[PDB]
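The structure appears below as structure tokens.
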Amino acid sequence: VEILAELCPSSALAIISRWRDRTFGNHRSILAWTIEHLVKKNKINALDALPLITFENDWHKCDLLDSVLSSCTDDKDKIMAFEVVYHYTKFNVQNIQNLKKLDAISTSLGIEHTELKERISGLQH
Amino acid sequence: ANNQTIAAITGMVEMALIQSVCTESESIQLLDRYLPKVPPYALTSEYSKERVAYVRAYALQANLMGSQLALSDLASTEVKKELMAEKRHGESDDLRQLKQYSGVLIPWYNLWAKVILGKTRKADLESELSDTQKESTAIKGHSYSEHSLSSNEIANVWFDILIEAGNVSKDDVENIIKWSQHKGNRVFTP
Amino acid sequence: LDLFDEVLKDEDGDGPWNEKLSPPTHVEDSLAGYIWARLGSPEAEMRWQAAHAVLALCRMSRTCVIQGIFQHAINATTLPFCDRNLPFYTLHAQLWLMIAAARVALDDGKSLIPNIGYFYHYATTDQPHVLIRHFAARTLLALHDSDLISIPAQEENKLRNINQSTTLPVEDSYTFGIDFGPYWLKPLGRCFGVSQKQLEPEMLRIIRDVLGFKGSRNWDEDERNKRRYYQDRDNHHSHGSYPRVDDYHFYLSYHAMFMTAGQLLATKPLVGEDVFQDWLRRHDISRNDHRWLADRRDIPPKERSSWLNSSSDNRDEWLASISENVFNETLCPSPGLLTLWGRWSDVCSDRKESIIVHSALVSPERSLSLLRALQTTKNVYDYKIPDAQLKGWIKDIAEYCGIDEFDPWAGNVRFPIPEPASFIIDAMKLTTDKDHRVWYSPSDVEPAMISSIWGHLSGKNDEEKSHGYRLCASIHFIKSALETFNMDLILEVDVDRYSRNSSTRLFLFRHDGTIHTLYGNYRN
Amino acid sequence: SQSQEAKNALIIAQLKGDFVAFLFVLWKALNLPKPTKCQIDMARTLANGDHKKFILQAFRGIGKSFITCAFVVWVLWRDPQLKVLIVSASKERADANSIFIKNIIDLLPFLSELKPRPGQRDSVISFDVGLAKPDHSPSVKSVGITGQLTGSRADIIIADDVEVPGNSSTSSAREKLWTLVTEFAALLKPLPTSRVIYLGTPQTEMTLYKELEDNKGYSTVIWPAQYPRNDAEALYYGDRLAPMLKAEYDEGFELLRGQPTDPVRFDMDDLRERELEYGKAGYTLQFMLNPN
Ligand SMILES: Nc1ncnc2c1ncn2[C@@H]1O[C@H](COP(=O)(O)OP(=O)(O)OP(=O)(O)O)[C@@H](O)[C@H]1O
Ligand SMILES: [Mg+2]
């Protein structure tokens with residue numbers, strides 16, 4: 001999957017879309033692998049790739065958010081990115097190492113989620 | 001598992017009978033020494049290697065004593081008591097297994113044993129065969145699976161009955177070929 | 001790569017190379033094409049995920065991908081992103097694109113301006129498909145209300161009346177089965193006094209000539225059914241229920257019904273003050289304020305201490321030895337706050353607890369009799385503390401639901417969660433937000449009441465987990481309410497326990513700040 | 001003069017004495033053709049008070065809902081003090097049932113006496129007949145399975161095909177539904193005359209209509225669409241088949257093979273297209289009631 005995505009992006013996005021009609025490989029996380037490898041090799045912009053997390057896969061969301069924070073200088077964009085990631089992460093369980101990273105990024109942006117404080121304190125054991 | 005003793009003993013008995021080397025009392029004594037009295041496990045597992053040998057051996061022992069084999073002979077205690085009940089709507093799964101995997105073969109091996117002993121001959125074979133093919137199918141019920149082994153077994157016992165009867169013809173085998181063409185009548189390459 | 005030419009057959013992959021499989025040049029067109037192909041999926045959850053993806057794109061400045069999506073929508077492209085052998089559901093993709101746009105336009109719709117000419121193509125009465133007209137008009141009016149565009153007054157008057165019954169002064173073997181006919185076509189025909197046999201000939205014309213199918217009704221006309229992609233009866237339905245997976249005959253009948261309905265408004269008067277809207281809203285999203293159910297979901301509340309500490313206890317006694325302690329947690333989640341209404345369950349690997357709470361108002365002198373009267377009983381299921389003198393106070397959750405019940409991100413919630421009856425809101429001058437989450441007094445800074453709901457949408461062959469809903473209020477508010485309605489408060493709690501592989505009490509609250517039971521009194 | 005009064009008295013006694021005549025009168029009033037043989041047998045079996053824990057199984061489209069409505073309206077026509085509970089799959093169905101009950105009450109002449117008195121509580125969810133006293137529980141209550149079951153006691157309980165693909169597709173759904181069905185028995189009043197009835201059609205391999213029989217001790221009767229299709233299919237039910245069908249099939253067992261049980265409504269060519277709409281498994285599940 002990674003070599004095919006790296007060799008020609010526009011062809012790979014069509015091919016993996018036809019595979020899902022054929023149900024070839026529906027037990028694997030193909031889309032996450034393809035998108036993250038294209039982000040790493042600088043062939044697609046991170047702000048284009050971030051909204052795809054609404055499709056349920058084994059994403060590494062903090063790596064995508066870090067790629068967004070390291071790339072764009074506009075103060076609006078990182079605020080919006082944090083909002084989107086936080087909302088579509090909120091409802092299912094997480095370990096403390098994720099929550100503390102999100103808290104630190106929130107302190108850097110200049111927002112103080114008491115909700116995040118309480119939800120991380122409730123697991124501090 | 002796959003203790004080969006029953007098949008070897010049965011083959012020896014068949015060979016001794018067909019050459020008129022031994023008496024029937026000797027055969028009864030020898031089969032009685034080896035057949036278990038309680039029914040063995042393999043009668044209700046469709047992939048146990050032993051099943052066909054036991055079915056053949058019990059049918060031959062039954063026909064040597066002038067009987068005909070029935071389902072109640074192979075049955076264990078619980079299902080025998082079930083077959084002595086009357087007011088039943090139910091039917092246990094370990095009974096349907098014995099009907100599905102062993103029951104359909106009882107009409108065939110009785111005719112096979114009758115031909116072996118010389119009690120049924122070429123001059124009236126077809127009336128038996130056309131009856132037997134009915135009598136099996138009434139027991140058969142719903143073969144909803146395409147993976148049934150029973151067609152492959154029935155073809156073998158049918159061909160053996162023809163070859164043992166004598167003076168076969170091309171059309172007789174072509175009947176087996178024609179029967180194989182319907183759905184579910186699968187015959188494997190060996 | 002040519003070492004494989006002696007074993008590659010046809011029907012390996014898509015088949016031999018043909019130029020119609022060529023991908024687009026820019027990457028963003030391919031990403032837009034992936035999302036476009038997922039909008040047309042036969043499974044509902046994927047369509048809702050793609051709708052959320054489009055909504056997430058429009059809340060950013062992501063111009064190129066959005067313009068790519070609308071370009072694919074205009075051209076109705078199928079093949080480079082779809083299998084050559086399986087049919088594609090175009091109209092589902094267009095309908096869910098309208099559903100996404102209608103929600104984008106409510107908050108900040110500016111991103112929709114450069115493609116405005118798309119919506120004008122569908123918001124006219126010479127387009128016979130009812131729902132697509134409906135959502136296109138809802139998008140245009142929402143942009144008009146936000147002062148992003150300006151619409152002339154007669155055009156506004158036409159758009160606001162798009163499905164009015166204006167025309168008041170005025171062989172094939174295909175069959176509609178044992179469930180689609182009687183439960184889907186008959187209620188439509190009942191609006192005009194027409195039986196479904198009289199309206200089948202228009203449906204057959206629409207199927208054979210517009211949608212273009214020309215086969216028979218047999219179950220093996222669908223390739224996905226022949227190859228056994230559907231499993232465990234996902235595509236079965238009955239008594240007007242929706243399926244989980246849309247098979248091909250259902251797709252055809254579903255769109256043919258809405259194209260049939262558009263002709264009857266143009267030719268025939270209806271029979272009774274408007275019956276058509278009450279039919280149409282059966283096939284719409286669940287909320288009257290055009291928001292989604294996904295906006296109502298909250299995270300689970302913090303756990304009760306007795307649950308954590310009692311998790312270690314041995315099981316058989318735990319099913320039989322409910323302490324009094326748990327009830328003190330149920331009435332008071334946190335200091336200064338009381339539970340007014342609620343019903344929920346808490347789940348672990350071996351055990352589950354169920355909790356129910358009720359509250360009502362009773363005349364001050366008669367309350368002292370009613371406290372003894374309710375507890376002296378043979379049974380507690382044969383009578384009920386009521387809801388909107390013993391008098392009701394709160395109205396309970398609604399039962400009805402819309403088509404967004406299959407959205408994975410809405411955890412099977414229902415929107416009208418409990419709230420006070422109208423006269424309490426009027427007399428106490430309360431105000432609230434757009435989702436009725438928090439209520440404020442006209443005189444204090446702290447909230448009067450807080451409501452919440454939580455849960456998950458269950459998949460196949462999976463465990464249950466914790467869910468429920470709750471309403472809570474501050475003590476100051478209920479004291480003021482009791483001093484101005486001049487009443488005493490009676491409330492009741494059930495706790496029950498079950499295994500995985502009831503104890504009932506009542507409390508009476510009085511405005512001097514005291515709680516009374518048959519057995520004892522408690523204070524702050 | 002007197003002859004018509006004698007006719008009126010005899011007819012109004014007879015209709016309270018015979019369910020089948022009441023069905024004929026009602027179906028003439030609805031302008032529907034005469035009830036078929038299976039419908040008569042189903043109504044007659046339902047009317048007998050000796051079945052206390054009872055399940056009836058029948059193929060799709062036979063007429064279960066109309067029979068249920070005529071039953072409950074006839075029952076309250078004979079005794080207006082009874083408490084009746086109607087449980088259905090969903091809100092839409094419960095509303096349709098209650099509306100149809102009101103339509104039957106208004107359609108026939110004499111049943112107009114059952115119209116409620118001031119203080120009506122003439123709601124769509126629950127209501128009283130006029131001859132009932134002011135009382136805690138209502139005469140008729142109609143509810144969906146997810147709705148408000150709690151808060152009353154019932155004398156007669158009717159279940160109108162609760163198990164549905166829309167509510168039994170997941171493990172959680174089946175477990176919830178199993179809890180609700182196995183909780184109804186506490187609602188029933190403990191007088192000797194109380195009774196509960198299920199009507200429905202199995203939808204899956206697991207069906208609660210079998211669970212209630214194998215453990216809880218209920219009794220069931222079955223009407224298949226056509227006479228048994230082979231010997232082994234016939235061997236599936238001997239105690240379960242309706243007495244008319246078994247009584248015929250013991251005798252003409254070769255000519256009756258596969259013949260339709262109700263040719264007045266369902267000919268062979270009308271059953272064949274059902275076997276084209278659905279696979280042979282689906283047809284056997286829904287019309288022969290033999291889950292494989
Ligand atoms: N003898 C008859 N002749 C003609 N039409 C009839 C007859 N009996 C009933 N019907 C009509 O056919 C339908 C059968 O009733 P109904 O749909 O309630 O059956 P059902 O058993 O509840 O159905 P299902 O299994 O689909 O839920 C009704 O519309 C009824 O008016
Ligand atoms: Mg019905």
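Identifiers in the structure tokens: chain A, B, ... in order shown; residue index from 1 per chain; ligand index from 1 in order shown.
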Inset, instruction - Could you give me, as a PyMOL selection string, each residue of segment 31-162 of chain B that DSSP assigns to alpha helix (DSSP H) when run on this structure's backbone? - result: chain B and resi 31-34+51-64+71-74+77-82+93-101+106-116+125-140+150-162
Inset, instruction - Pull out every residue of chain A that has at least one atom within 6 Å of chain C, counting only C-alpha atoms, and report them as a PyMOL selection string. - result: chain A and resi 10-11+13-14+17-18+51+54-55
Go ahead and dump the residues you just picked, C-alpha atoms, as a PDB file, in the first residue's frame.
```pdb
ATOM      1  CA  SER A  10      -3.728  10.232  -8.095  1.00  0.00           C
ATOM      2  CA  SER A  11      -3.826   6.653  -9.370  1.00  0.00           C
ATOM      3  CA  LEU A  13      -6.729   7.133  -4.668  1.00  0.00           C
ATOM      4  CA  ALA A  14      -8.786   5.716  -7.560  1.00  0.00           C
ATOM      5  CA  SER A  17     -11.704   3.358  -4.114  1.00  0.00           C
ATOM      6  CA  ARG A  18     -12.501   0.534  -6.531  1.00  0.00           C
ATOM      7  CA  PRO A  51     -11.093  16.321   7.890  1.00  0.00           C
ATOM      8  CA  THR A  54     -14.649  11.229  10.321  1.00  0.00           C
ATOM      9  CA  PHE A  55     -14.109   7.905   8.514  1.00  0.00           C
TER      10      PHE A  55
END
```
Inset, instruction - Give the residues of chain D that lie within 7 Å of chain C; count only C-alpha atoms, and format the answer as number ranges by chain. - result: D: 150-153, 165-166, 170-172, 276-278
List all protein, DNA and RNA residues that have at least one atom no more than 6 Å from any atom of ligand 1, counting only C-alpha atoms and all ligand atoms, and write them as a PDB file with N, CA, C and O atoms, in the first residue's frame.
```
ATOM      1  N   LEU D  32     -66.650  -6.156   2.353  1.00  0.00           N
ATOM      2  CA  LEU D  32     -65.619  -7.139   2.079  1.00  0.00           C
ATOM      3  C   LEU D  32     -66.264  -8.491   1.796  1.00  0.00           C
ATOM      4  O   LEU D  32     -67.337  -8.787   2.330  1.00  0.00           O
ATOM      5  N   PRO D  33     -65.646  -9.329   0.963  1.00  0.00           N
ATOM      6  CA  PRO D  33     -66.211 -10.657   0.697  1.00  0.00           C
ATOM      7  C   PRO D  33     -66.146 -11.567   1.917  1.00  0.00           C
ATOM      8  O   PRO D  33     -65.549 -11.246   2.948  1.00  0.00           O
ATOM      9  N   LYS D  34     -66.808 -12.713   1.778  1.00  0.00           N
ATOM     10  CA  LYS D  34     -67.062 -13.604   2.902  1.00  0.00           C
ATOM     11  C   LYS D  34     -65.758 -14.160   3.467  1.00  0.00           C
ATOM     12  O   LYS D  34     -64.811 -14.408   2.709  1.00  0.00           O
ATOM     13  N   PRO D  35     -65.662 -14.318   4.789  1.00  0.00           N
ATOM     14  CA  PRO D  35     -64.457 -14.889   5.396  1.00  0.00           C
ATOM     15  C   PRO D  35     -64.165 -16.294   4.889  1.00  0.00           C
ATOM     16  O   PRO D  35     -65.068 -17.113   4.706  1.00  0.00           O
ATOM     17  N   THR D  36     -62.886 -16.563   4.658  1.00  0.00           N
ATOM     18  CA  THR D  36     -62.448 -17.862   4.186  1.00  0.00           C
ATOM     19  C   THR D  36     -62.369 -18.862   5.337  1.00  0.00           C
ATOM     20  O   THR D  36     -62.528 -18.523   6.511  1.00  0.00           O
ATOM     21  N   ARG D  60     -47.955 -14.762   6.181  1.00  0.00           N
ATOM     22  CA  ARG D  60     -48.117 -13.327   5.972  1.00  0.00           C
ATOM     23  C   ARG D  60     -49.385 -12.997   5.194  1.00  0.00           C
ATOM     24  O   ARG D  60     -49.723 -13.658   4.211  1.00  0.00           O
ATOM     25  N   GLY D  61     -50.085 -11.957   5.643  1.00  0.00           N
ATOM     26  CA  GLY D  61     -51.211 -11.414   4.915  1.00  0.00           C
ATOM     27  C   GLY D  61     -52.537 -12.104   5.132  1.00  0.00           C
ATOM     28  O   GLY D  61     -53.484 -11.825   4.390  1.00  0.00           O
ATOM     29  N   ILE D  62     -52.641 -13.004   6.110  1.00  0.00           N
ATOM     30  CA  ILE D  62     -53.855 -13.801   6.221  1.00  0.00           C
ATOM     31  C   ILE D  62     -55.005 -13.019   6.857  1.00  0.00           C
ATOM     32  O   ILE D  62     -56.173 -13.312   6.580  1.00  0.00           O
ATOM     33  N   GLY D  63     -54.723 -12.013   7.687  1.00  0.00           N
ATOM     34  CA  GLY D  63     -55.827 -11.298   8.299  1.00  0.00           C
ATOM     35  C   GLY D  63     -55.791 -11.107   9.804  1.00  0.00           C
ATOM     36  O   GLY D  63     -56.838 -10.853  10.402  1.00  0.00           O
ATOM     37  N   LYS D  64     -54.611 -11.247  10.420  1.00  0.00           N
ATOM     38  CA  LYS D  64     -54.490 -11.301  11.879  1.00  0.00           C
ATOM     39  C   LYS D  64     -55.006 -10.035  12.564  1.00  0.00           C
ATOM     40  O   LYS D  64     -55.683 -10.113  13.600  1.00  0.00           O
ATOM     41  N   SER D  65     -54.696  -8.863  12.007  1.00  0.00           N
ATOM     42  CA  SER D  65     -55.019  -7.603  12.674  1.00  0.00           C
ATOM     43  C   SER D  65     -56.525  -7.356  12.720  1.00  0.00           C
ATOM     44  O   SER D  65     -57.063  -6.931  13.752  1.00  0.00           O
ATOM     45  N   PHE D  66     -57.214  -7.602  11.602  1.00  0.00           N
ATOM     46  CA  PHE D  66     -58.660  -7.397  11.535  1.00  0.00           C
ATOM     47  C   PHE D  66     -59.384  -8.311  12.515  1.00  0.00           C
ATOM     48  O   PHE D  66     -60.328  -7.893  13.202  1.00  0.00           O
TER      49      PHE D  66
END
```
Legend entry - Closest of C:318, C:183, C:307, C:192 to ligand 2 - atom-to-atom distances counting only C-alpha atoms and all ligand atoms: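 Answer, going by the shortest atom-to-atom distance: C:183.
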Inset, instruction - Write out as an MDAnalysis selection string the residues lying within 7 Å of segment 327-343 of chain C, counting only C-alpha atoms and excluding same-chain residues fewer than 5 positions away. - result: chainID C and resid 304 355:359 468:475
Export N, CA, C and O atoms of the chosen residues as a short mmCIF file (atom, residue, chain, number, x, y, z; two decimals), in the first residue's frame?
```cif
data_model
loop_
_atom_site.label_atom_id
_atom_site.label_comp_id
_atom_site.auth_asym_id
_atom_site.auth_seq_id
_atom_site.Cartn_x
_atom_site.Cartn_y
_atom_site.Cartn_z
N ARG C 304 -20.57 7.13 40.11
CA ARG C 304 -20.93 7.05 41.52
C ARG C 304 -19.92 6.21 42.29
O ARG C 304 -19.56 5.11 41.87
N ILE C 355 -31.33 2.59 37.39
CA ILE C 355 -31.77 3.63 38.31
C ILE C 355 -32.88 4.44 37.65
O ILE C 355 -32.76 4.83 36.48
N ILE C 356 -33.97 4.67 38.39
CA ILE C 356 -35.10 5.49 37.92
C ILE C 356 -35.45 6.51 38.99
O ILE C 356 -35.47 6.19 40.18
N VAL C 357 -35.73 7.76 38.57
CA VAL C 357 -36.06 8.86 39.48
C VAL C 357 -37.31 9.57 38.97
O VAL C 357 -37.45 9.80 37.77
N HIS C 358 -38.23 9.91 39.89
CA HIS C 358 -39.44 10.68 39.58
C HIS C 358 -39.65 11.78 40.60
O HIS C 358 -39.25 11.65 41.76
N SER C 359 -40.30 12.87 40.18
CA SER C 359 -40.61 13.98 41.08
C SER C 359 -41.97 14.58 40.74
O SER C 359 -42.38 14.58 39.58
N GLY C 468 -27.95 6.60 28.94
CA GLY C 468 -29.11 7.12 29.64
C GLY C 468 -29.24 8.63 29.47
O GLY C 468 -28.59 9.22 28.61
N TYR C 469 -30.10 9.22 30.30
CA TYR C 469 -30.38 10.65 30.26
C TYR C 469 -30.75 11.13 31.66
O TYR C 469 -31.22 10.35 32.49
N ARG C 470 -30.55 12.43 31.91
CA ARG C 470 -30.73 12.97 33.25
C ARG C 470 -31.02 14.46 33.20
O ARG C 470 -30.55 15.18 32.31
N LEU C 471 -31.80 14.93 34.19
CA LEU C 471 -32.08 16.34 34.42
C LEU C 471 -31.83 16.68 35.89
O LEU C 471 -32.31 15.97 36.78
N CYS C 472 -31.09 17.76 36.13
CA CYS C 472 -30.70 18.14 37.48
C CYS C 472 -30.88 19.64 37.67
O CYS C 472 -30.86 20.41 36.71
N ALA C 473 -31.05 20.06 38.93
CA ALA C 473 -31.28 21.47 39.25
C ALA C 473 -30.57 21.89 40.53
O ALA C 473 -30.26 21.06 41.39
N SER C 474 -30.33 23.19 40.65
CA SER C 474 -29.75 23.77 41.86
C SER C 474 -30.80 23.91 42.95
O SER C 474 -31.99 24.07 42.68
N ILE C 475 -30.34 23.86 44.21
CA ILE C 475 -31.24 23.87 45.36
C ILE C 475 -31.91 25.24 45.52
O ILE C 475 -33.08 25.33 45.91
#
```
